[PDB]
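Undergrad: Below is one structure. I have some questions about it.
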Amino acid sequence: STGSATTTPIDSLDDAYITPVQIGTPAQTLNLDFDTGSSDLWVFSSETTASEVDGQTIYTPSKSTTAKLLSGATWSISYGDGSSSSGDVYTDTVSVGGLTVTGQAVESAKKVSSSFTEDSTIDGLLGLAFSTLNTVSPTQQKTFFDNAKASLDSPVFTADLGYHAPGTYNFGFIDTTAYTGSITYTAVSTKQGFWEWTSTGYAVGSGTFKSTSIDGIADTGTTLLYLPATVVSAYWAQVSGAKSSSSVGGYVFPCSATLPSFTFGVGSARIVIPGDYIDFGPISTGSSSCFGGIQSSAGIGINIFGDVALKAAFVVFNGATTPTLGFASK
């Protein structure tokens, strides 16, 4: 089997992407944030505290003839941005782009933090990291991809995120019309539960490539590109007026600037992020100070290849017995 679904930016900055997902019988369609950096499929629901729902579409398990309470199971998750959610668990039928999994754990939110409430466009998350990070207790649950894997034509999914435009998540096949050149594959460590790999270096604009190993994660659920302080300083030093602002919480630059591109290495190959992709717009409405799309990871503890980086490529998440990542230009 295969699946194919369109993924759409939630706003004009590409802050996140939503993909429609069918849950239950009859289908309830919710728009979920596919997140290769976490491993829980959780949804706003009829159980979510009413004051914490503001415009989201909810899953109502009592209206699904295939929903079953997973007795005793609870979940609770906290993300790198300080947001969180928690609740109980049902199993139900879940379909993405024509690919159907029965018995998928659907984590029903009883509580969500303010940032989720405030984002009416995101009805929940669909985690695509390794199932060892799933938070369900006392019996850890499998991701949608893990449950679908055996049925797929090939044990893979691909992320093709758009710049200010729709893109695609495919399951079970490589669309060879969706990229240019060849796909370069690179080793993955699953030891932290992430799609964790080592970039071979970087360049700023037309500058020379610096060979240096950068360990990080491919994370569709993170907006920006977080890299070591040395790398980020070298980038922003090429932008007149750019500075790190403790009050704003990162590098900012004049909105009148034209930004240089940023290149990262995948083996001997190179992925170029156009400068425009690094502009995240005014820090506040109407400001002439703009927020940078490349930020320091020094306070995180891990480097993060988020959407800024991934949307410059066609990305293969290869869930074979030994997992690997593939990157192609597009």
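Letters A, B, ... mark the chains of the structure tokens in the order given; residue numbers begin at 1 per chain; ligand numbers begin at 1, in order shown.
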Show me, as a ChimeraX atom specification, the residues that have an atom within 9 Å of residue 222 in chain A when counting only C-alpha atoms, minus same-chain residues fewer than 5 positions from it.
TA: /A:15-16,35,37,80-81,304-308
Undergrad: Write the residues of the selection above to a file with N, CA and C atoms, as a PDB file, in the first residue's frame.
TA:
```pdb
ATOM      1  N   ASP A  15       5.074  28.837   9.497  1.00  0.00           N
ATOM      2  CA  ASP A  15       5.410  28.518  10.885  1.00  0.00           C
ATOM      3  C   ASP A  15       5.242  27.033  11.177  1.00  0.00           C
ATOM      4  N   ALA A  16       4.329  26.373  10.469  1.00  0.00           N
ATOM      5  CA  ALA A  16       4.090  24.948  10.607  1.00  0.00           C
ATOM      6  C   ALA A  16       3.232  24.555   9.417  1.00  0.00           C
ATOM      7  N   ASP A  35       4.985  15.579  12.680  1.00  0.00           N
ATOM      8  CA  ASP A  35       6.145  15.990  13.467  1.00  0.00           C
ATOM      9  C   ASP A  35       7.172  14.857  13.537  1.00  0.00           C
ATOM     10  N   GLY A  37       9.894  14.965  14.882  1.00  0.00           N
ATOM     11  CA  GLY A  37      10.589  15.114  16.140  1.00  0.00           C
ATOM     12  C   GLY A  37       9.863  14.618  17.375  1.00  0.00           C
ATOM     13  N   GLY A  80       9.917  21.135  22.882  1.00  0.00           N
ATOM     14  CA  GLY A  80      11.072  21.995  23.067  1.00  0.00           C
ATOM     15  C   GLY A  80      10.733  23.463  23.193  1.00  0.00           C
ATOM     16  N   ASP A  81       9.553  23.875  22.732  1.00  0.00           N
ATOM     17  CA  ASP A  81       9.111  25.259  22.852  1.00  0.00           C
ATOM     18  C   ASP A  81       8.374  25.536  24.156  1.00  0.00           C
ATOM     19  N   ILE A 304      19.016  21.255  15.425  1.00  0.00           N
ATOM     20  CA  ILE A 304      17.703  20.912  14.868  1.00  0.00           C
ATOM     21  C   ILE A 304      17.610  21.408  13.432  1.00  0.00           C
ATOM     22  N   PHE A 305      17.531  20.471  12.488  1.00  0.00           N
ATOM     23  CA  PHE A 305      17.230  20.783  11.094  1.00  0.00           C
ATOM     24  C   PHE A 305      15.708  20.823  10.983  1.00  0.00           C
ATOM     25  N   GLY A 306      15.138  22.002  11.261  1.00  0.00           N
ATOM     26  CA  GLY A 306      13.708  22.219  11.187  1.00  0.00           C
ATOM     27  C   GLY A 306      13.270  22.578   9.783  1.00  0.00           C
ATOM     28  N   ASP A 307      12.047  23.118   9.694  1.00  0.00           N
ATOM     29  CA  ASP A 307      11.412  23.365   8.400  1.00  0.00           C
ATOM     30  C   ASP A 307      12.261  24.254   7.490  1.00  0.00           C
ATOM     31  N   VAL A 308      12.923  25.283   8.043  1.00  0.00           N
ATOM     32  CA  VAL A 308      13.767  26.164   7.229  1.00  0.00           C
ATOM     33  C   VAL A 308      14.728  25.360   6.366  1.00  0.00           C
TER      34      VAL A 308
END
```
Undergrad: Write out as number ranges by chain each polymer residue whose atoms come within 10 Å of residue 121 in chain A, counting only C-alpha atoms; drop sequence neighbours fewer than 5 positions from it.
TA: A: 9-11, 16-18, 30-33, 54-57, 116
Undergrad: Take CA of residue 68 in chain A and CA of residue 91 in chain A and report the distance between them in Å, one decimal.
TA: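 CA of residue 91 in chain A lies at a distance of 5.3 Å from CA of residue 68 in chain A.
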Undergrad: Which residue gives the smallest distance to residue 71 in chain A among A:155, A:127, A:138, A:97, with only C-alpha atoms counted?
TA: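 Closest candidate: A:138.
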Undergrad: DSSP on the backbone: what in range 16-225 of chain A comes out strand (DSSP E or B), as a PyMOL selection string?
TA: chain A and resi 17-23+28-35+41-43+45+59+68-78+84-96+99-112+124-127+137+156-160+167-171+184-187+189+196-204+210-218+225
Undergrad: Hey, which bits of range 215-270 of chain A sit within 12 Å of range 171-193 of chain A, and for each residue what's the closest pair of atoms and how far apart in Å (one decimal), counting only C-alpha atoms, rows by chain and increasing number, as CSV?
TA:
```
residue,atom,partner,partner_atom,distance
A:215,CA,A:189,CA,9.9
A:216,CA,A:188,CA,10.0
A:217,CA,A:188,CA,9.2
A:218,CA,A:188,CA,10.1
A:219,CA,A:193,CA,11.8
A:265,CA,A:184,CA,10.1
A:266,CA,A:184,CA,6.8
A:267,CA,A:186,CA,6.7
A:268,CA,A:184,CA,8.3
A:269,CA,A:184,CA,6.7
A:270,CA,A:184,CA,9.3
```
Undergrad: Neighbours of residue 52 in chain A within 10 Å (only C-alpha atoms; same-chain residues fewer than 4 positions away dropped), as an MDAnalysis selection string?
TA: chainID A and resid 44 48 56 110:118
